[PDB]
Amino acid sequence: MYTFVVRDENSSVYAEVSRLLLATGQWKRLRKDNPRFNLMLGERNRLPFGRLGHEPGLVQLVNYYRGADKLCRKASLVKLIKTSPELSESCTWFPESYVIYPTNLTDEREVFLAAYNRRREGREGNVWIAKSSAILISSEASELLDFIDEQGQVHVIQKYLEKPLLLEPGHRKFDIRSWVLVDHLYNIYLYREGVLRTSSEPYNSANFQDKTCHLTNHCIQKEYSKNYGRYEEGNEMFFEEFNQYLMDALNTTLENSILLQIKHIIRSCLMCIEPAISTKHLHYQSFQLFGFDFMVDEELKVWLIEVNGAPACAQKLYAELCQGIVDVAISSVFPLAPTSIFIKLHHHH
Amino acid sequence: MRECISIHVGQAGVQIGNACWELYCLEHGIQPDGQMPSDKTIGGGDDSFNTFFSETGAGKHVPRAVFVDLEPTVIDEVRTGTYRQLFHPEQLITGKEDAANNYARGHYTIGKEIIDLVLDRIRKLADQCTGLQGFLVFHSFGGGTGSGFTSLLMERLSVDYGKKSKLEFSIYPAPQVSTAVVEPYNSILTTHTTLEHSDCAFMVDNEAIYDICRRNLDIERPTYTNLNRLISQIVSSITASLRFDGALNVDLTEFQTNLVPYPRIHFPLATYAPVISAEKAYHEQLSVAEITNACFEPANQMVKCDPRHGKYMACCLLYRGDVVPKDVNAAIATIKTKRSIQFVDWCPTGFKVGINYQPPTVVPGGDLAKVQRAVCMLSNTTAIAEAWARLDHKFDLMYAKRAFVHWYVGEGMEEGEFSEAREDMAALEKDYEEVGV
Amino acid sequence: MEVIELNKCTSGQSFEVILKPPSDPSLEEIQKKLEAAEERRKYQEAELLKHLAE
Amino acid sequence: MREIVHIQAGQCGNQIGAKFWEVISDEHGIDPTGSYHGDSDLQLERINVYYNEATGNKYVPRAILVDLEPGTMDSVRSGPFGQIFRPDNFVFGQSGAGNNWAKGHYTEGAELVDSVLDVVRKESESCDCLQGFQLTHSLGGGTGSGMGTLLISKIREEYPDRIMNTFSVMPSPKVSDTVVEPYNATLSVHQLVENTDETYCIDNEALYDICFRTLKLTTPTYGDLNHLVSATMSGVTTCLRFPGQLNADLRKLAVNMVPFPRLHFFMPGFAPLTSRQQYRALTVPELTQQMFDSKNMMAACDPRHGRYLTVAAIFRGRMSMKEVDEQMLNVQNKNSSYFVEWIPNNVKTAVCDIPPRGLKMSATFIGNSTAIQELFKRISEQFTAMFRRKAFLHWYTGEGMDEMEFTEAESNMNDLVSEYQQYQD
Ligand SMILES: Nc1nc2c(ncn2[C@@H]2O[C@H](COP(=O)(O)OP(=O)(O)OP(=O)(O)O)[C@@H](O)[C@H]2O)c(=O)[nH]1
Ligand SMILES: Nc1ncnc2c1ncn2[C@@H]1O[C@H](COP(=O)(O)OP(=O)(O)CP(=O)(O)O)[C@@H](O)[C@H]1O
Ligand SMILES: Nc1nc2c(ncn2[C@@H]2O[C@H](COP(=O)(O)OP(=O)(O)O)[C@@H](O)[C@H]2O)c(=O)[nH]1
Ligand SMILES: Cc1cc(F)cc(S(N)(=O)=O)c1
Ligand SMILES: [Ca+2]
Ligand SMILES: [Ca+2]
Ligand SMILES: [Ca+2]
Ligand SMILES: [Mg+2]
Ligand SMILES: [Mg+2]
Ligand SMILES: [Mg+2]
């Protein structure tokens with residue numbers, strides 16, 4: 001009879017996992033402060049990793065990799081890409097980015113301007129975007145820097161993909177979401193089901209003031225978009241439809257044109273930090289679900305946007321995926337008395 | 001030659017002292033009767049082993065040790081054991097009833113009545129020192145004596161020996177090898193009142209010693225003798241510089257200078273390798289780089305924690321056996337490119353290396369196998385603060401209900417000393433977090 | 001990767017390597033505290049005997 | 001040399017104490033004449049805790065027998081080991097206590113208490129370092145209850161910093177002598193709440209139900225009920241009588257078991273309890289499962305109705321101490337909802353290599369559980385059912401007591417229940 005505690009009531013994902021765990025009749029939920037637990041569904045911020053693996057007779061498991069914030073923070077991801085030789089500063093799947101601290105606080109202000117002045121002089125598309133974890137699109141560097149100073153937190157400026165792949169009919173932008181699960185053995189499993197959070201507004205390149213046809217977030221389309229739900233239910237096109245489209249329109253498959261680049265990026269990011277966050281020889285074990293967001297341009301090239309360390313799931317995929325977490329992540333360390341729904345990305349540890 | 005007086009307090013301190021001086025004797029070739037054939041100067045001399053051993057005209061080499069316990073059962077074994085002849089009776093001090101695992105009892109109730117007696121015996125060893133360096137204090141956190149009387153002793157030593165250094169070897173509490181429930185209280189009480197009196201302290205987590213014995217030595221249920229023989233191997237590696245010829249850590253002053261740039265943050269993390277089981281007929285002898293790389297594995301640390309998520313302030317590598325400088329630096333390169341070793345920017349990203357050619361000495365019939373080379377890493381990581389967090393949390397759970405507080409108040413301690421002590425740990429944790437994040 | 005301050009003797013050697021450069025209470029006060037708690041024990045025992053005398 | 005002074009008072013106290021010294025005497029190799037004939041030095045390592053050493057290597061128990069009537073103690077002297085007890089340590093009278101707390105605490109007992117303390121003082125003056133005292137007695141009678149608590153109150157006056165331990169038999173209407181037992185128990189319980197550090201609650205109903213249902217004894221006898229108490233007493237004291245990595249004196253036990261001064265009433269337990277299928281080997285899991293089961297507990301309380309503040313288990317015999325740890329942590333990790341979470345690691349386990357006579361291995365359970373409040377609830381209800389009508393008060397008022405003193409004892413224990421109730425939530 002295994003025991004677990006819940007410390008993040010807002011997690012839609014693990015609320016289902018906890019619901020499923022109890023459905024097995026072999027897992028028992030305890031109070032969120034009872035230290036005798038085999039599994040912790042921990043809080044997001046300030047999860048006390050240092051208190052794990054010190055209870056005699058209990059093999060404890062947590063659903064977060066300590067140090068994975070280096071990859072799920074806008075500014076941290078930039079530093080990690082530029083400084084890490086595995087990814088190098090010339091990594092070809094990540095938009096040119098720079099760390100820009102507001103002037104009321106190292107910083108790459110001048111480094112960005114040099115690259116900006118080079119694009120402004122060479123007649124090249126010089127449209128950037130600023131944002132932070134706590135958005136403004138502009139072609140004038142003056143408007144991007146003045147916006148950051150008006151805030152009090154760190155920001156990041158990166159190149160804006162001006163030639164994004166537009167779905168038809170509609171002529172609309174979009175992004176792709178892939179859920180990735182790493183277990184205690186640091187196996188990288190990719191969920192066979194992705195989602196395209198599409199923009200219900202026709203992409204427009206001569207006006208970055210209105211951010212409804214540029215930002216493909218499920219909330220902005222359902223709040224600031226007028227054609228929400230026209231082409232697909234909930235501005236979400238799953239792999240089946242999107243793959244059929246790539247075949248009728250572009251005469252190719254989602255595997256060859258996009259998925260190979262996605263699987264290559266996932267491996268590169270996770271393998272890079274394996275020495276820093278692995279729990280191979282640690283007194284407790286970790287596993288964590290990740291959410292990668294990619295962009296696809298008109299050349300069918302994939303670009304990495306950001307990595308989410310506490311993502312939600314598409315409504316139609318909560319059951320399948322949640323159950324999958326319980327199979328390869330939890331019960332793999334706490335067995336119970338297919339055709340995997342994942343794609344194992346073999347790698348060298 | 002400057003001398004070092006070692007003080008063993010409580011059951012843990014005395015038993016650990018029993019395993020260390022046993023080892024000091026096998027290393028320096030001192031027999032149970034106190035004789036040392038290799039020592040050619042009879043009844044004197046300022047050699048390196050004289051920092052820990054005095055000499056009688058009859059050729060006996062007497063440790064510079066003081067054993068204190070509020071109950072006589074544990075020290076009584078020493079008085080009739082293998083090494084009953086090394087010590088003279090003045091060195092062993094025993095009361096008649098212990099502190100009942102009660103910090104207040106060992107500190108106030110019983111401590112007041114015997115403190116002046118201990119200081120007197122200590123003054124006798126000091127009177128045999130031409131240039132006393134300082135004291136090595138061995139004690140437990142959970143013990144009522146280890147925690148209660150030690151903190152009182154430290155306060156007094158700072159008064160009677162101002163300009164002298166004081167290092168601690170502290171035993172961190174672990175449930176698997178303890179029957180006491182109130183050890184978090186005692187731990188946080190003694191760390192609070194001992195902090196400003198200790199220049200450098202090496203915490204050993206019994207949880208770590210236990211698993212190293214079960215994992216490496218295949219001991220299903222280790223005994224204190226098993227735990228202690230291992231603990232003294234690390235202690236020997238830490239004090240080897242003071243007892244043998246060398247240039248690194250030659251006196252106790254060099255331990256704060258080399259490992260503690262900030263005063264309150266004086267708790268280095270110890271990492272030792274290799275620990276091999278003697279039952280193995282023969283084992284592949286590990287290389288310099290292999291044993292070095294192990295120094296950054298959590299599985300050989302004296303306190304289970306993740307140095308990858310801290311920041312180093314210093315780092316000493318102590319080598320014993322067949323090792324040359326060329327080999328050390330080679331492995332160092334290979335590890336920085338593979339490992340996460342983030343220093344604080346106001347500290348040099350460097351390592352101080354010590355090499356002693358005599359390989360580790362093993363107790364005949366002990367649990368550890370003979371090895372050609374071994375290393376002990378002393379690193380000042382913010383990651384050890386994890387141990388304070390675990391302990392402080394256990395303190396919070398109980399104190400929120402005032403459980404067991406009456407036993408302490410009943411010995412004359414004020415309840416306010418609890419919150420005054422806990423708030424000091426809260427300040428200790430903040431310092432680490434400020435230096436690391 | 002620099003080696004500095006190499007000392008060599010018959011029983012070993014030591015040296016330093018730099019990878020990267022950077023960027024009390026008196027005896028009177030102790031006697032008081034020890035006696036203060038002893039006074040709180042005497043008072044507590046006094047109230048127990050007072051309790052038992054009643 | 002951490003000596004303990006044992007005291008047994010009244011009928012129940014002396015008969016139980018009698019069997020207690022009979023059991024441990026066999027375990028330490030002491031015959032009925034005080035001579036040692038054991039085969040292991042472990043039997044004598046801590047032998048002076050409970051025994052004095054007389055001339056000719058004779059071992060004399062450090063026990064003081066007390067009663068207001070000669071009846072019961074005459075049996076002990078004629079009993080098996082009666083000769084082993086010191087002749088002068090027998091202190092008794094002729095008036096008796098008539099199962100009356102007032103007589104034992106104020107009138108009859110007060111005339112004899114000064115002489116008992118004179119013997120206690122004699123045994124203490126010969127103690128190198130006296131740990132404390134332990135008393136055996138019932139609470140529903142007159143001597144063990146009324147005078148026993150009088151002795152404790154006076155011992156605490158003369159030894160305020162020594163530990164006071166008691167083995168207290170609680171009355172039950174199912175195994176009852178007189179209808180005033182709730183009165184006597186309520187009056188003594190208040191004494192124990194104030195002047196003892198640890199009280200092993202022994203409920204005669206639990207003892208009865210164990211003999212009848214578990215032990216399959218058709219018609220139990222006080223002798224049967226005492227065999228259990230004997231085995232239990234030998235279990236809880238194994239830590240004090242034999243060597244081991246546990247050490248443990250009375251003050252250390254009190255400090256780790258009692259988180260609050262007034263909540264110092266323990267539930268003891270013993271395993272195995274086998275009916276005569278008695279030669280079967282009992283596995284470490286079987287020992288543990290039984291040791292925590294309520295049917296093996298002598299407080300007549302269902303622990304699953306409260307929460308454990310602290311728990312101490314003692315295992316006896318050559319066994320896999322690794323396997324002991326495994327099973328103990330299994331019980332905590334499969335029932336953690338019953339252990340208060342604000343006391344980390346409040347379940348400790350000791351091992352002893354010497355099992356009880358005739359058992360390959362055994363396990364004794366010592367629990368500080370808030371469920372004990374159900375016991376004091378039973379006593380309080382039976383008390384109030386009579387006191388509300390003042391029934392039988394004349395027995396007590398006739399000895400000098402007043403109705404006021406009853407209402408206070410009544411309130412003193414109800415408060416005790418409320419204290420146990422707030423710590424259960
Ligand atoms: N490593 C090691 N730990 C020990 C040893 N002896 C006791 N301990 C630990 O110390 C803690 C208890 O402290 P003790 O040293 O026994 O207490 P004390 O100093 O004798 O103080 P008292 O309460 O008066 O007995 C427990 O957590 C034990 O695990 C030992 O020999 N070696
Ligand atoms: N360099 C770039 N080029 C093109 N589009 C970009 C871009 N950076 C961001 N976007 C747009 O912004 C959206 C992603 O925003 P971002 O992820 O930075 O904010 P966010 O983290 O609050 C949303 P989420 O965490 O859910 O992915 C995508 O839909 C994408 O279309
Ligand atoms: N377990 C047990 N209980 C007893 C025994 N004798 C009496 N009692 C209980 O003790 C209570 C009466 O106390 P008793 O010892 O007879 O009074 P006293 O001799 O005047 O102190 C009743 O509740 C009885 O059930 C005995 O031999 N064993
Ligand atoms: C190696 C050794 C020697 C010794 F004399 C006593 C011990 S102990 N007290 O830890 O069991 C250990
Ligand atoms: Ca000499
Ligand atoms: Ca000082
Ligand atoms: Ca009379
Ligand atoms: Mg985000
Ligand atoms: Mg002790
Ligand atoms: Mg009777």
# chains A, B, ... in the order shown; residues from 1 in each chain; ligands from 1
$ interface_residues --of "chain B" --to "chain D" --cutoff "9 Å" --atoms "only C-alpha atoms" --output "ChimeraX atom specification"
/B:96-102,175-176,178-182,220-221,223-224,394,396-407
$ write_last_selection --atoms "N, CA and C atoms" --output "compact mmCIF listing (two decimals), in the first residue's frame"
# COMPACT_ATOMS: atom_id res chain seq x y z
N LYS B 96 27.95 10.41 37.64
CA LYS B 96 27.18 9.29 38.16
C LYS B 96 25.81 9.11 37.53
N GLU B 97 25.22 10.15 36.94
CA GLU B 97 24.01 9.96 36.14
C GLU B 97 23.97 10.99 35.02
N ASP B 98 23.56 10.53 33.84
CA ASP B 98 23.67 11.30 32.61
C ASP B 98 22.64 12.44 32.59
N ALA B 99 22.48 13.04 31.42
CA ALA B 99 21.57 14.17 31.22
C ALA B 99 20.21 13.74 30.68
N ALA B 100 19.95 12.44 30.60
CA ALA B 100 18.64 11.94 30.20
C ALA B 100 18.21 12.52 28.85
N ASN B 101 19.17 12.67 27.94
CA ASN B 101 18.91 13.23 26.61
C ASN B 101 18.33 14.64 26.70
N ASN B 102 18.69 15.38 27.74
CA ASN B 102 18.08 16.68 28.03
C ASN B 102 19.17 17.75 27.98
N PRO B 175 17.45 9.08 12.78
CA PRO B 175 16.53 8.17 13.49
C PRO B 175 16.94 6.71 13.44
N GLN B 176 17.52 6.24 12.34
CA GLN B 176 17.80 4.81 12.21
C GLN B 176 18.70 4.30 13.33
N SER B 178 19.08 5.87 16.54
CA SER B 178 18.79 6.63 17.75
C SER B 178 17.44 6.21 18.30
N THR B 179 17.34 6.16 19.62
CA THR B 179 16.08 5.89 20.30
C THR B 179 15.47 7.15 20.91
N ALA B 180 16.15 8.29 20.83
CA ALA B 180 15.65 9.52 21.41
C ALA B 180 14.74 10.25 20.42
N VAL B 181 13.71 10.90 20.96
CA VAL B 181 12.79 11.68 20.15
C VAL B 181 13.09 13.18 20.20
N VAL B 182 13.82 13.65 21.21
CA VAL B 182 14.00 15.07 21.45
C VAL B 182 15.31 15.60 20.87
N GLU B 220 24.58 -5.57 7.25
CA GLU B 220 23.13 -5.51 7.23
C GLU B 220 22.60 -4.57 8.32
N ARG B 221 23.14 -4.69 9.53
CA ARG B 221 22.78 -3.81 10.64
C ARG B 221 24.07 -3.40 11.34
N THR B 223 26.94 -1.80 13.70
CA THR B 223 27.09 -1.46 15.10
C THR B 223 27.82 -0.13 15.23
N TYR B 224 27.84 0.41 16.45
CA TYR B 224 28.58 1.64 16.69
C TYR B 224 30.06 1.45 16.39
N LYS B 394 12.07 19.69 11.71
CA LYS B 394 11.69 18.81 12.81
C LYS B 394 11.55 19.59 14.11
N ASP B 396 10.54 22.67 14.30
CA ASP B 396 9.30 23.44 14.22
C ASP B 396 8.08 22.59 14.54
N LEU B 397 8.03 21.37 14.01
CA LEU B 397 6.87 20.51 14.24
C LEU B 397 6.60 20.32 15.73
N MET B 398 7.65 20.04 16.50
CA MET B 398 7.48 19.80 17.93
C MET B 398 7.22 21.10 18.68
N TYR B 399 8.06 22.11 18.45
CA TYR B 399 7.94 23.33 19.25
C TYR B 399 6.59 24.01 19.06
N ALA B 400 5.96 23.82 17.90
CA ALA B 400 4.63 24.39 17.70
C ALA B 400 3.62 23.86 18.70
N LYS B 401 3.85 22.68 19.26
CA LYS B 401 3.01 22.10 20.29
C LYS B 401 3.66 22.16 21.66
N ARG B 402 4.87 22.69 21.77
CA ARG B 402 5.62 22.73 23.02
C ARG B 402 5.87 21.34 23.59
N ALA B 403 5.80 20.32 22.74
CA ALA B 403 6.03 18.95 23.20
C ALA B 403 7.41 18.83 23.81
N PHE B 404 7.49 18.17 24.97
CA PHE B 404 8.72 17.90 25.70
C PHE B 404 9.38 19.16 26.26
N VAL B 405 8.80 20.34 26.05
CA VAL B 405 9.44 21.56 26.54
C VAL B 405 9.49 21.57 28.06
N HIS B 406 8.51 20.95 28.72
CA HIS B 406 8.46 20.99 30.18
C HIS B 406 9.71 20.35 30.79
N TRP B 407 10.24 19.30 30.16
CA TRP B 407 11.45 18.68 30.69
C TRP B 407 12.60 19.68 30.73
$ residues_near_ligand --ligand "ligand 4" --cutoff "9 Å" --atoms "only C-alpha atoms and all ligand atoms" --output "PyMOL selection string"
chain B and resi 11-12+14-23+74+77-78+81-83+223-230+232+363+366
$ write_last_selection --atoms "N, CA and C atoms" --output "short mmCIF file (atom, residue, chain, number, x, y, z; two decimals), in the first residue's frame"
data_model
loop_
_atom_site.label_atom_id
_atom_site.label_comp_id
_atom_site.auth_asym_id
_atom_site.auth_seq_id
_atom_site.Cartn_x
_atom_site.Cartn_y
_atom_site.Cartn_z
N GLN B 11 28.68 10.00 25.13
CA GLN B 11 28.90 8.64 24.65
C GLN B 11 29.48 8.64 23.24
N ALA B 12 28.86 9.40 22.33
CA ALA B 12 29.34 9.45 20.95
C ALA B 12 30.79 9.93 20.90
N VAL B 14 33.15 9.88 23.22
CA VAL B 14 34.09 8.96 23.84
C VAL B 14 34.32 7.74 22.95
N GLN B 15 33.24 7.18 22.40
CA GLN B 15 33.39 5.99 21.57
C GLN B 15 34.12 6.32 20.28
N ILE B 16 33.80 7.46 19.66
CA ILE B 16 34.53 7.89 18.47
C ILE B 16 35.99 8.13 18.81
N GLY B 17 36.26 8.77 19.95
CA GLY B 17 37.63 8.93 20.39
C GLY B 17 38.34 7.60 20.57
N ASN B 18 37.60 6.56 20.95
CA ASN B 18 38.21 5.24 21.10
C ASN B 18 38.67 4.69 19.76
N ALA B 19 37.91 4.95 18.70
CA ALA B 19 38.28 4.46 17.38
C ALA B 19 39.37 5.32 16.74
N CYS B 20 39.47 6.59 17.12
CA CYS B 20 40.50 7.46 16.55
C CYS B 20 41.87 7.18 17.16
N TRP B 21 41.95 7.18 18.49
CA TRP B 21 43.24 6.94 19.13
C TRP B 21 43.72 5.52 18.88
N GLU B 22 42.80 4.57 18.73
CA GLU B 22 43.19 3.26 18.22
C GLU B 22 43.89 3.39 16.88
N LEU B 23 43.35 4.24 16.00
CA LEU B 23 43.94 4.42 14.67
C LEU B 23 45.23 5.23 14.74
N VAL B 74 30.26 4.22 29.89
CA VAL B 74 30.97 4.18 28.61
C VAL B 74 32.47 4.35 28.82
N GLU B 77 34.67 1.21 30.10
CA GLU B 77 35.28 0.25 29.18
C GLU B 77 36.72 0.64 28.86
N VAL B 78 36.97 1.92 28.61
CA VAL B 78 38.31 2.38 28.27
C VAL B 78 39.29 2.05 29.39
N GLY B 81 40.08 -1.65 28.78
CA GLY B 81 40.17 -2.14 27.42
C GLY B 81 41.60 -2.30 26.95
N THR B 82 41.74 -2.53 25.64
CA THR B 82 43.06 -2.76 25.05
C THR B 82 44.03 -1.63 25.38
N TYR B 83 43.54 -0.39 25.37
CA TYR B 83 44.38 0.79 25.54
C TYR B 83 44.20 1.41 26.92
N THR B 223 26.94 -1.80 13.70
CA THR B 223 27.09 -1.46 15.10
C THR B 223 27.82 -0.13 15.23
N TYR B 224 27.84 0.41 16.45
CA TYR B 224 28.58 1.64 16.69
C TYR B 224 30.06 1.45 16.39
N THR B 225 30.60 0.27 16.70
CA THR B 225 31.99 -0.01 16.36
C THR B 225 32.22 0.09 14.85
N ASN B 226 31.28 -0.42 14.05
CA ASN B 226 31.38 -0.29 12.60
C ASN B 226 31.30 1.18 12.19
N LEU B 227 30.30 1.90 12.69
CA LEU B 227 30.17 3.32 12.37
C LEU B 227 31.40 4.10 12.83
N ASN B 228 31.95 3.76 13.99
CA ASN B 228 33.04 4.55 14.55
C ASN B 228 34.36 4.29 13.83
N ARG B 229 34.65 3.04 13.49
CA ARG B 229 35.87 2.75 12.75
C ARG B 229 35.92 3.50 11.42
N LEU B 230 34.76 3.68 10.78
CA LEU B 230 34.71 4.48 9.56
C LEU B 230 34.91 5.95 9.85
N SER B 232 36.52 7.40 12.16
CA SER B 232 37.89 7.76 12.51
C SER B 232 38.81 7.75 11.31
N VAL B 363 42.52 -1.08 10.54
CA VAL B 363 42.52 -1.86 11.77
C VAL B 363 42.53 -3.34 11.41
N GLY B 366 39.34 -5.23 10.96
CA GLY B 366 38.28 -4.26 10.76
C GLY B 366 37.46 -4.59 9.52
#
$ residues_near_ligand --ligand "ligand 8" --cutoff "12 Å" --atoms "only C-alpha atoms and all ligand atoms" --output "number ranges by chain"
A: 69, 71-75, 131-135, 217, 290-293, 305-312
$ interface_residues --of "chain D" --to "chain C" --cutoff "9 Å" --atoms "only C-alpha atoms" --output "JSON, numbers by chain"
{"D": [153, 154, 156, 157, 160]}
$ interface_residues --of "chain B" --to "chain C" --cutoff "6 Å" --atoms "only C-alpha atoms" --output "NGL selection string"
:B and (108 or 345-357 or 412-413)
$ interface_residues --of "chain B" --to "chain A" --cutoff "10 Å" --atoms "only C-alpha atoms" --output "PyMOL selection string"
chain B and resi 174-176+207-208+297-299+304-306+308-309+338-341+383-391+393+397
$ residues_near_ligand --ligand "ligand 5" --cutoff "8 Å" --atoms "only C-alpha atoms and all ligand atoms" --output "list in words"
residues 39, 40, 41, 42, 43, 44, 45, 46, 47, 50, 55 and 59 of chain B
$ decode --residues "range 148-163 of chain D" --atoms "N, CA, C and O atoms" --output "PDB file, in the first residue's frame"
ATOM      1  N   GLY D 148      -1.233   3.610  48.692  1.00  0.00           N
ATOM      2  CA  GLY D 148      -0.225   3.695  47.649  1.00  0.00           C
ATOM      3  C   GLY D 148       0.016   5.122  47.198  1.00  0.00           C
ATOM      4  O   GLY D 148       1.152   5.606  47.190  1.00  0.00           O
ATOM      5  N   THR D 149      -1.057   5.827  46.829  1.00  0.00           N
ATOM      6  CA  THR D 149      -0.906   7.217  46.420  1.00  0.00           C
ATOM      7  C   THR D 149      -0.416   8.082  47.572  1.00  0.00           C
ATOM      8  O   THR D 149       0.312   9.055  47.347  1.00  0.00           O
ATOM      9  N   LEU D 150      -0.793   7.752  48.811  1.00  0.00           N
ATOM     10  CA  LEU D 150      -0.236   8.472  49.951  1.00  0.00           C
ATOM     11  C   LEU D 150       1.276   8.295  50.014  1.00  0.00           C
ATOM     12  O   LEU D 150       2.010   9.249  50.302  1.00  0.00           O
ATOM     13  N   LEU D 151       1.759   7.081  49.744  1.00  0.00           N
ATOM     14  CA  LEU D 151       3.198   6.834  49.751  1.00  0.00           C
ATOM     15  C   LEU D 151       3.897   7.628  48.654  1.00  0.00           C
ATOM     16  O   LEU D 151       4.945   8.241  48.887  1.00  0.00           O
ATOM     17  N   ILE D 152       3.330   7.617  47.445  1.00  0.00           N
ATOM     18  CA  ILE D 152       3.911   8.367  46.335  1.00  0.00           C
ATOM     19  C   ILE D 152       3.998   9.848  46.686  1.00  0.00           C
ATOM     20  O   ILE D 152       5.039  10.489  46.502  1.00  0.00           O
ATOM     21  N   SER D 153       2.904  10.410  47.204  1.00  0.00           N
ATOM     22  CA  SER D 153       2.909  11.819  47.577  1.00  0.00           C
ATOM     23  C   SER D 153       3.983  12.121  48.615  1.00  0.00           C
ATOM     24  O   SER D 153       4.561  13.214  48.609  1.00  0.00           O
ATOM     25  N   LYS D 154       4.264  11.177  49.513  1.00  0.00           N
ATOM     26  CA  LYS D 154       5.299  11.413  50.512  1.00  0.00           C
ATOM     27  C   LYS D 154       6.690  11.095  49.977  1.00  0.00           C
ATOM     28  O   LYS D 154       7.665  11.739  50.379  1.00  0.00           O
ATOM     29  N   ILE D 155       6.804  10.126  49.069  1.00  0.00           N
ATOM     30  CA  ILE D 155       8.097   9.858  48.450  1.00  0.00           C
ATOM     31  C   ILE D 155       8.540  11.047  47.606  1.00  0.00           C
ATOM     32  O   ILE D 155       9.716  11.437  47.622  1.00  0.00           O
ATOM     33  N   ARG D 156       7.609  11.653  46.862  1.00  0.00           N
ATOM     34  CA  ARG D 156       7.966  12.832  46.083  1.00  0.00           C
ATOM     35  C   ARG D 156       8.389  13.980  46.988  1.00  0.00           C
ATOM     36  O   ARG D 156       9.205  14.817  46.588  1.00  0.00           O
ATOM     37  N   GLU D 157       7.855  14.033  48.208  1.00  0.00           N
ATOM     38  CA  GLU D 157       8.264  15.076  49.142  1.00  0.00           C
ATOM     39  C   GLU D 157       9.721  14.900  49.553  1.00  0.00           C
ATOM     40  O   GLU D 157      10.467  15.880  49.658  1.00  0.00           O
ATOM     41  N   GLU D 158      10.151  13.654  49.766  1.00  0.00           N
ATOM     42  CA  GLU D 158      11.503  13.366  50.227  1.00  0.00           C
ATOM     43  C   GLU D 158      12.489  13.124  49.089  1.00  0.00           C
ATOM     44  O   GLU D 158      13.702  13.186  49.321  1.00  0.00           O
ATOM     45  N   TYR D 159      12.008  12.852  47.876  1.00  0.00           N
ATOM     46  CA  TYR D 159      12.866  12.619  46.709  1.00  0.00           C
ATOM     47  C   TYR D 159      12.261  13.326  45.505  1.00  0.00           C
ATOM     48  O   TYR D 159      11.825  12.687  44.538  1.00  0.00           O
ATOM     49  N   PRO D 160      12.228  14.659  45.524  1.00  0.00           N
ATOM     50  CA  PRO D 160      11.491  15.388  44.479  1.00  0.00           C
ATOM     51  C   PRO D 160      12.071  15.236  43.082  1.00  0.00           C
ATOM     52  O   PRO D 160      11.355  15.505  42.110  1.00  0.00           O
ATOM     53  N   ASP D 161      13.328  14.811  42.943  1.00  0.00           N
ATOM     54  CA  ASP D 161      13.969  14.722  41.639  1.00  0.00           C
ATOM     55  C   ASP D 161      14.254  13.290  41.207  1.00  0.00           C
ATOM     56  O   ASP D 161      14.997  13.084  40.242  1.00  0.00           O
ATOM     57  N   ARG D 162      13.701  12.298  41.894  1.00  0.00           N
ATOM     58  CA  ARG D 162      13.769  10.920  41.437  1.00  0.00           C
ATOM     59  C   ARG D 162      12.502  10.583  40.660  1.00  0.00           C
ATOM     60  O   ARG D 162      11.443  11.175  40.883  1.00  0.00           O
ATOM     61  N   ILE D 163      12.620   9.634  39.737  1.00  0.00           N
ATOM     62  CA  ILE D 163      11.503   9.276  38.870  1.00  0.00           C
ATOM     63  C   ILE D 163      10.551   8.354  39.619  1.00  0.00           C
ATOM     64  O   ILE D 163      10.979   7.428  40.318  1.00  0.00           O
TER      65      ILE D 163
END
